[PDB]
Each structure stands twice: as structure tokens, then as C-alpha cells.
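Student: Sharing a structure below in C-alpha cells format, with a few things to ask.
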Amino acid sequence: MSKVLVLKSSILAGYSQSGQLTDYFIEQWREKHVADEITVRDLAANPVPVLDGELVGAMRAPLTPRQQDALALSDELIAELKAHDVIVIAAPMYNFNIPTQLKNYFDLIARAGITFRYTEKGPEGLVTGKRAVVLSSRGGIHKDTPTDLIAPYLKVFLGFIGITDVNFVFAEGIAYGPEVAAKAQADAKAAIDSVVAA
Amino acid sequence: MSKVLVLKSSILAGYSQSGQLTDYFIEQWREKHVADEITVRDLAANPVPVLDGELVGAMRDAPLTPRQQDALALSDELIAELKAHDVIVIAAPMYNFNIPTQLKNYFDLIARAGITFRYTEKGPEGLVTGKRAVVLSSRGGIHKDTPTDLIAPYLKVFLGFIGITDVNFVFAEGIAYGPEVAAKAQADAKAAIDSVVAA
Ligand SMILES: Cc1cc2nc3c(=O)[nH]c(=O)nc-3n(C[C@H](O)[C@H](O)[C@H](O)COP(=O)(O)O)c2cc1C
Ligand SMILES: Cc1cc2nc3c(=O)[nH]c(=O)nc-3n(C[C@H](O)[C@H](O)[C@H](O)COP(=O)(O)O)c2cc1C
């Protein structure tokens with residue numbers, strides 16, 4: 001049995017394209033693995049705080065309740081990530097970057113000695129053995145163009161903490177009409193079917 | 001006479017590497033252009049809110065909630081400020097392979113359809129024109145021109161979209177390798193800054 005962790009980050013709630021893709025992933029995964037446990041963390045519904053001077057200080061004198069709470073949340077998020085086998089991440093493109101909702105999550109899980117460390121061989125990620133799937137929706141078409149810096153960035157960040165097995169699924173041209181959008185979702189769903197079947 | 005807008009984003013206050021670079025930039029600009037006015041907005045000291053579902057609604061009628069009203073007023077303020085200056089200095093250190101969230105929130109409030117960019121018969125076009133931008137980016141490690149630096153290309157893409165195509169990049173890398181290496185990195189960065197100021 002595998003445990004699947006789904007991280008939603010869209011700020012569009014019910015109208016989220018990436019959220020619709022994560023729902024499809026969950027639907028298909030539950031159908032294939034009826035015993036698998038799925039945990040969903042909606043980073044928009046339940047926001048993670050912005051990494052500021054006070055919080056970064058906490059992650060490395062007495063701590064204020066705010067700092068204590070943020071540290072506890074960081075621990076929770078990290079423990080949750082390490083406890084699951086399949087990590088599904090919704091990462092749509094907002095102003096050429098990922099949603100701040102997801103960025104805040106990354107800023108709290110990237111911690112020296114906890115999710116990565118340095119050895120005789122150099123930097124080594126500590127979140128091992130995971131299978132990750134990135135579901136990224138975009139209004140325009142950026143894949144394989146100089147304007148898509150989020151896919152490369154996600155690969156680098158995830159790799160740094162140890163998640164190197166990352167499948168990227170894209171749904172682009174969403175803002176170019178119901179036809180283009182519909183075909184984008186269909187090809188993304190086909191991509192998800194492949195991941196689920198793998 | 002030119003008006004310089006300096007955007008600070010480090011969360012390290014007085015220990016900020018990028019902050020120290022922006023201070024040098026300011027010091028040098030004041031030396032070479034004694035009549036220019038400098039405006040500084042510290043995005044850590046005076047934080048911009050996170051773009052959430054409610055706030056994005058504020059930027060496009062349906063009545064706005066009190067929070068959306070404030071967010072819209074802030075967006076207008078930030079945009080008016082950006083358009084009112086000639087030289088835009090942006091501190092953009094690398095935090096977990098991305099820029100600081102403090103700066104990202106600022107970007108999310110200044111990117112507005114019909115105000116900082118629009119669509120014409122020529123396609124998308126930025127509305128923040130005639131600007132000279134200078135990015136000051138410090139890193140603990142060394143990433144320039146490698147696959148681990150996605151911030152430089154991202155900044156060029158974002159700024160260009162709103163119209164700022166004239167962008168100079170200044171890097172200070174290897175800060176995490178000790179005081180000796182950091183000093184040389186700071187020294188080279190200051191030399192690059194001198195050239196931008198003298199241009
Ligand atoms: C605040 C905001 C900023 C956006 N910025 C961009 C952008 O820079 N480029 C692009 O192609 N689409 C952009 N979009 C369009 C979205 O990427 C597209 O609608 C995506 O499918 C939305 O996914 P969502 O439901 O998952 O979060 C933006 C949408 C919002 C709400
Ligand atoms: C939360 C946080 C994340 C960081 N992430 C990275 C990173 O991914 N790569 C790197 O080379 N340095 C990284 N650094 C090191 C900084 O880039 C370096 O110390 C920089 O000079 C800090 O500038 P600051 O005072 O200007 O904002 C990080 C520092 C902090 C506080």
C-alpha cells in the first residue's frame with residue numbers, strides 16, 4: 001500500500017485548472033489502488049506563512065509563540081512529506097512564477113540537516129524514495145520556451161531535497177478558448193493515466 | 001535629473017548581503033548624480049500581502065470587500081511609484097532557488113492588465129516604459145549561468161513583460177564560502193555597480 005500526498009496551491013478554488021487535474025489524478029489513483037491512503041493539503045485553503053526575518057530566525061535564545069508555531073508547522077509539513085510515497089504537486093504559473101501558496105510551503109520544508117545535508121560527497125537530499133508528479137496549468141503556452149522557468153526551478157528545488165523522480169504534466173493554452181483548453185486537459189489526463197498505470 | 005527607486009527585499013535586516021549592495025549603489029549614485037532623488041521601499045520592513053483568492057479578485061462592477069479595497073489602493077500606490085521613477089534598483093537575493101517572497105508579493109500587485117501591460121495589434125506590450133533597471137542579486141553558492149539560476153532569466157522575463165527591457169544584472173556569489181571569498185565577491189559586485197552608475 002502506498003500513501004499519496006496531494007499539495008494544492010491554486011487561489012481559484014472551484015475554478016482551478018490545476019485543482020481539476022489533481023482531482024482527476026486522485027480519482028484514477030483511488031480506482032487503481034482501492035487501499036491506498038490519500039492525504040490532501042490545500043495550501044490556499046490552509047495557508048503556510050511567508051518566510052520572514054522572525055521565522056527564518058526560528059529555523060536556526062527563546063522563541064516567541066509565533067516562531068514556535070511556525071517551527072511546529074515546518075516540522076509537520078516535513079514529517080508529512082517524508083511519510084508519504086507519492087507526492088502530487090499542483091504548480092500553476094502565476095506571473096511567470098509558482099503560486100506564493102506553494103512557495104511558502106517550500107520555504108518551510110527546506111531545512112539544513114532535516115531535508116538535506118552535506119557529506120563527504122557534498123550536498124545530499126534527505127527526502128528519499130519518493131515518486132513525484134507536478135501538475136502545472138498555464139493560461140498561455142510556455143512549455144519548452146524561454147518563459148517557462150518554473151518547471152526547471154521545480155526540478156532543481158525538489159532535487160535538492162532528494163526528490164529526483166519527478167514526472168511533469170502540463171496543461172497549457174487554457175486562456176485560448178474552450179477548444180484549446182479542452183484538448184490541453186485531455187492530453188494532461190492521458191499523461192496522468194500513464195503515470196497511474198506505470 | 002533622474003528619480004531612483006530602490007526595492008529592498010532581504011529578510012536579514014542589517015546582515016543583508018543584497019541590502020549592503022543596494023546601500024553601495026545608493027552611495028555611488030549619490031556621488032555621481034548629486035541632484036538625483038532616491039526613493040527606498042523596504043519590502044521586508046513594509047511588507048506587501050500575499051496574492052490570494054480574495055486579493056486577485058480586487059484586480060478585476062461587483063463591490064469590493066474592505067480587504068480588496070485596501071489591496072487595490074496598495075496596488076495603485078506601488079504602480080504609481082514604479083511609473084514615477086526612472087531608474088529601478090531591485091535587490092533579488094536567492095532564497096531556495098527563487099526570489100524572496102517579499103519581492104514576489106510586490107510583483108503580484110504590480111502586474112495588472114490594462115495598467116502595466118496590455119494587448120495590441122502587436123501582441124502583449126508593457127506599459128512601464130523608458131526605465132533602466134538594475135538587479136542586485138547575492139547568493140550563498142555559485143549559480144550564475146548554470147541550471148541552478150532560474151531567477152536571472154525569470155526576472156528578465158517578468159520585467160520585460162511589464163515593459164522594463166533595459167535590465168543590468170549584478171551578482172555577488174559564494175557568500176557562504178567565508179569572509180575572504182565574500183569580500184572579493186562584494187568587491188567585484190561594487191566594480192560592476194560602478195560601471196552601471198557611470199553609464
Ligand atoms: C494572479 C494570476 C497570475 C497569472 N499569470 C500568468 C502568466 O504570467 N502567464 C500565463 O500564461 N498565465 C498566467 N495566469 C493564467 C493561469 O496560469 C491559468 O489560468 C492556469 O491554468 C490557472 O491555474 P489555476 O486554477 O490552477 O491556479 C495567471 C492567473 C492568475 C489568477
Ligand atoms: C531562507 C533562505 C534560503 C536560501 N537559499 C539559497 C539557495 O537556494 N542557494 C544559494 O546559493 N544560497 C541560498 N541562500 C543564501 C543566500 O542567497 C545568501 O546568504 C545571500 O547573500 C543572502 O542575501 P540576503 O541578506 O541578501 O537576502 C539562502 C538564505 C536564506 C536566509
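Just remember, in the C-alpha cells the first chain shown is A, the second B, etc., residues are 1-based per chain, and ligands are 1-based in the order shown.
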Residues up to 8 Å from ligand 2, counting only C-alpha atoms and all ligand atoms: could you list those as a PDB file with C-alpha atoms, in the first residue's frame?
Tutor:
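The new file part-v7.pdb reads:
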ATOM      1  CA  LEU A  51       9.114  33.251   5.428  1.00  0.00           C
ATOM      2  CA  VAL A  56      13.886  32.160   9.473  1.00  0.00           C
ATOM      3  CA  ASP A 107      10.427  27.809   2.278  1.00  0.00           C
ATOM      4  CA  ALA A 110      13.917  23.286   3.038  1.00  0.00           C
ATOM      5  CA  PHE A 157      14.358  22.592  -5.766  1.00  0.00           C
TER       6      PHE A 157
ATOM      7  CA  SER B   9      13.680  42.540  -0.204  1.00  0.00           C
ATOM      8  CA  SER B  10      16.071  40.722   2.144  1.00  0.00           C
ATOM      9  CA  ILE B  11      14.681  39.354   5.411  1.00  0.00           C
ATOM     10  CA  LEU B  12      18.075  39.671   7.118  1.00  0.00           C
ATOM     11  CA  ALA B  13      17.894  43.365   8.016  1.00  0.00           C
ATOM     12  CA  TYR B  15      23.002  41.474   7.896  1.00  0.00           C
ATOM     13  CA  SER B  16      21.596  41.586   4.362  1.00  0.00           C
ATOM     14  CA  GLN B  17      24.131  40.968   1.619  1.00  0.00           C
ATOM     15  CA  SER B  18      21.884  42.372  -1.105  1.00  0.00           C
ATOM     16  CA  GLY B  19      20.992  45.191   1.268  1.00  0.00           C
ATOM     17  CA  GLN B  20      24.652  46.084   1.631  1.00  0.00           C
ATOM     18  CA  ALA B  91      17.517  43.578  -4.586  1.00  0.00           C
ATOM     19  CA  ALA B  92      16.930  39.963  -5.586  1.00  0.00           C
ATOM     20  CA  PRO B  93      18.922  37.507  -3.447  1.00  0.00           C
ATOM     21  CA  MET B  94      18.419  33.766  -3.967  1.00  0.00           C
ATOM     22  CA  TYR B  95      16.206  32.082  -1.334  1.00  0.00           C
ATOM     23  CA  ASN B  96      15.722  28.367  -2.010  1.00  0.00           C
ATOM     24  CA  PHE B  97      16.390  28.865  -5.748  1.00  0.00           C
ATOM     25  CA  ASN B  98      13.674  31.546  -6.015  1.00  0.00           C
ATOM     26  CA  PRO B 100      12.331  36.432  -1.718  1.00  0.00           C
ATOM     27  CA  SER B 137      21.483  39.505  -6.662  1.00  0.00           C
ATOM     28  CA  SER B 138      23.505  37.866  -3.895  1.00  0.00           C
ATOM     29  CA  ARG B 139      23.858  34.092  -3.442  1.00  0.00           C
ATOM     30  CA  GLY B 140      25.453  31.900  -0.808  1.00  0.00           C
ATOM     31  CA  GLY B 141      26.583  29.487  -3.509  1.00  0.00           C
ATOM     32  CA  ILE B 142      27.711  29.990  -7.117  1.00  0.00           C
ATOM     33  CA  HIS B 143      24.955  29.677  -9.749  1.00  0.00           C
ATOM     34  CA  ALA B 172      27.637  38.602  -5.637  1.00  0.00           C
ATOM     35  CA  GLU B 173      28.098  34.830  -5.346  1.00  0.00           C
ATOM     36  CA  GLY B 174      29.833  32.449  -2.963  1.00  0.00           C
ATOM     37  CA  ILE B 175      28.930  34.469   0.127  1.00  0.00           C
ATOM     38  CA  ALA B 176      28.615  31.219   2.075  1.00  0.00           C
TER      39      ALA B 176
END
Student: Using only C-alpha atoms, determine which residues of chain B fall within 7 Å of chain A; present them as an MDAnalysis selection string.
Tutor: chainID B and resid 11:12 50 52:53 96:97 101 108 148 150 154 157:158
Student: Nearest residue to residue A:78 out of A:9, A:115, A:39, A:22, using only C-alpha atoms?
Tutor: A:115
Student: Listing only residues of chain B within 12 Å of ligand 1, what is the closest atom pair and its distance in Å (to one decimal) for each, using only C-alpha atoms and all ligand atoms, sorted by chain and residue number ascending, as a Markdown table?
Tutor:
| residue | atom | partner | partner_atom_place_in_ligand_line | distance |
| --- | --- | --- | --- | --- |
| B:50 | CA | ligand 1 | 1 (C) | 10.5 |
| B:51 | CA | ligand 1 | 1 (C) | 7.0 |
| B:52 | CA | ligand 1 | 1 (C) | 8.2 |
| B:53 | CA | ligand 1 | 31 (C) | 8.0 |
| B:54 | CA | ligand 1 | 31 (C) | 10.6 |
| B:55 | CA | ligand 1 | 1 (C) | 9.0 |
| B:56 | CA | ligand 1 | 1 (C) | 5.8 |
| B:57 | CA | ligand 1 | 31 (C) | 8.6 |
| B:58 | CA | ligand 1 | 1 (C) | 10.6 |
| B:59 | CA | ligand 1 | 1 (C) | 8.9 |
| B:60 | CA | ligand 1 | 31 (C) | 10.2 |
| B:104 | CA | ligand 1 | 1 (C) | 11.4 |
| B:105 | CA | ligand 1 | 1 (C) | 10.5 |
| B:106 | CA | ligand 1 | 1 (C) | 12.0 |
| B:107 | CA | ligand 1 | 1 (C) | 10.0 |
| B:108 | CA | ligand 1 | 1 (C) | 6.6 |
| B:109 | CA | ligand 1 | 1 (C) | 8.6 |
| B:110 | CA | ligand 1 | 1 (C) | 10.5 |
| B:111 | CA | ligand 1 | 3 (C) | 8.1 |
| B:112 | CA | ligand 1 | 1 (C) | 8.9 |
| B:113 | CA | ligand 1 | 3 (C) | 10.1 |
| B:117 | CA | ligand 1 | 8 (O) | 11.4 |
| B:124 | CA | ligand 1 | 9 (N) | 11.3 |
| B:154 | CA | ligand 1 | 8 (O) | 10.7 |
| B:157 | CA | ligand 1 | 8 (O) | 9.5 |
| B:158 | CA | ligand 1 | 8 (O) | 7.9 |
| B:159 | CA | ligand 1 | 8 (O) | 11.3 |
| B:160 | CA | ligand 1 | 8 (O) | 11.7 |
| B:161 | CA | ligand 1 | 8 (O) | 8.8 |
| B:162 | CA | ligand 1 | 8 (O) | 10.7 |
Student: Any idea what's packed within 8 Å of stretch 186-194 of chain B, counting only C-alpha atoms, ignoring anything in its chain fewer than 2 positions away? Could you give it as JSON, numbers by chain?
Tutor: {"B": [21, 24, 25, 28, 170, 171, 172, 182, 183, 184, 196, 197, 198]}
Student: Which residues in stretch 53-115 of chain B does DSSP call helix (DSSP H, G or I)? List them as a VMD selection string.
Tutor: chain B and resid 53 to 58 66 to 84 101 to 110
Student: Write a file of the selected residues as a PDB file, in the first residue's frame, keeping C-alpha atoms.
Tutor:
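Output (again.pdb):
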ATOM      1  CA  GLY B  53      -8.151  34.349  -3.942  1.00  0.00           C
ATOM      2  CA  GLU B  54      -9.707  37.448  -2.398  1.00  0.00           C
ATOM      3  CA  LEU B  55      -6.955  39.848  -3.428  1.00  0.00           C
ATOM      4  CA  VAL B  56      -6.709  38.672  -7.033  1.00  0.00           C
ATOM      5  CA  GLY B  57     -10.406  39.473  -7.225  1.00  0.00           C
ATOM      6  CA  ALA B  58      -9.601  43.052  -6.218  1.00  0.00           C
ATOM      7  CA  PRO B  66     -12.634  46.028   2.703  1.00  0.00           C
ATOM      8  CA  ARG B  67      -9.540  43.886   2.176  1.00  0.00           C
ATOM      9  CA  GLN B  68      -9.840  44.130  -1.618  1.00  0.00           C
ATOM     10  CA  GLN B  69     -10.264  47.903  -1.333  1.00  0.00           C
ATOM     11  CA  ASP B  70      -7.022  48.200   0.636  1.00  0.00           C
ATOM     12  CA  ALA B  71      -5.205  45.819  -1.700  1.00  0.00           C
ATOM     13  CA  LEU B  72      -6.356  47.787  -4.739  1.00  0.00           C
ATOM     14  CA  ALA B  73      -5.237  51.047  -3.142  1.00  0.00           C
ATOM     15  CA  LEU B  74      -1.850  49.476  -2.400  1.00  0.00           C
ATOM     16  CA  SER B  75      -1.501  48.152  -5.955  1.00  0.00           C
ATOM     17  CA  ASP B  76      -2.226  51.645  -7.298  1.00  0.00           C
ATOM     18  CA  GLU B  77       0.377  53.104  -4.944  1.00  0.00           C
ATOM     19  CA  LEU B  78       3.073  50.617  -5.930  1.00  0.00           C
ATOM     20  CA  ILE B  79       2.359  51.032  -9.648  1.00  0.00           C
ATOM     21  CA  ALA B  80       2.220  54.839  -9.485  1.00  0.00           C
ATOM     22  CA  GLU B  81       5.531  54.765  -7.618  1.00  0.00           C
ATOM     23  CA  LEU B  82       7.165  52.438 -10.155  1.00  0.00           C
ATOM     24  CA  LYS B  83       5.998  54.544 -13.096  1.00  0.00           C
ATOM     25  CA  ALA B  84       7.121  57.756 -11.369  1.00  0.00           C
ATOM     26  CA  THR B 101       8.570  36.153  -1.209  1.00  0.00           C
ATOM     27  CA  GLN B 102       8.735  39.808  -0.105  1.00  0.00           C
ATOM     28  CA  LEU B 103       9.648  40.784  -3.686  1.00  0.00           C
ATOM     29  CA  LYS B 104       7.309  38.243  -5.287  1.00  0.00           C
ATOM     30  CA  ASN B 105       4.297  39.768  -3.468  1.00  0.00           C
ATOM     31  CA  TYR B 106       5.288  43.164  -4.880  1.00  0.00           C
ATOM     32  CA  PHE B 107       5.390  41.695  -8.413  1.00  0.00           C
ATOM     33  CA  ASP B 108       1.973  40.085  -7.931  1.00  0.00           C
ATOM     34  CA  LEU B 109       0.458  43.508  -7.132  1.00  0.00           C
ATOM     35  CA  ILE B 110       2.131  45.457  -9.922  1.00  0.00           C
TER      36      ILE B 110
END
Student: I'd like to know which of A:61, A:180, A:102, A:197 is closest to residue A:141, using only C-alpha atoms.
Tutor: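 Going through A:61, A:180, A:102, A:197 one by one, the smallest distance to residue A:141 is for A:180.
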Student: List the spatial neighbours of residue A:1 as a PyMOL selection string - criterion: any atom at most 12 Å away, only C-alpha atoms, same-chain residues fewer than 6 positions off excluded.
Tutor: chain A and resi 29-30+32-38+84-86
Student: Which polymer residues have any atom within 7 Å of an atom of residue A:135, counting only C-alpha atoms, with same-chain residues fewer than 6 positions away left out, as a VMD selection string?
Tutor: chain A and resid 18 21 89 to 91 168 to 170
